[PDB]
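Have a look below at one chain only, the form deposited without this ligand, in structure tokens format.
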């Protein structure tokens, strides 16, 4: 039966059938997760640019990289940024479905450098759940912060 799990490690080392990149705008290599995805799957950046609020899949070999561009809350208002963040996750769920994968590795979009200086764990994770609950895939959420790992794990446990 489909599950959610959380792991505190580099998503570029995931054990799932595809990966969601927390993509920088304009198809650029970015930083953090996006830069790690660029180092591991550089071929997946060929024509990967896609607008804020959308996702675009590019294959590296046969391994799918779903580039999802969340809003940068330093540029967006809270209300418009929230809408684009929800929309990016909804496009991820559509791509996961279209690909037919059994599992997907996902980071929390619009956190950290794109968070506008605010902790958005709950906001981003709730949009992740809303989108991915519509799919049949095992979801493995990747984070790096120890307290975030606890809170995500707590949230996963209470939906079981």
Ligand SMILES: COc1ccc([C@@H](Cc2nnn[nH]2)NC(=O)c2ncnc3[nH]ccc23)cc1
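Residue numbers count along the first chain shown, from 1.
Although it is not shown, the form deposited with this ligand bound is what the next lines describe.
- Site status: open, since this ligand, placed by superposing the C-alphas around its site in the bound PDB entry, has no atom within 2.4 Å of backbone or C-beta atoms.
- Using a 4.5 Å heavy atom cutoff, 10, 111 and 143 all lie near this ligand in the bound PDB entry.
- Listed residues 132, 66, 33, 105 were compared with this ligand in the bound PDB entry; 33 is the one with a heavy atom within 4.5 Å.
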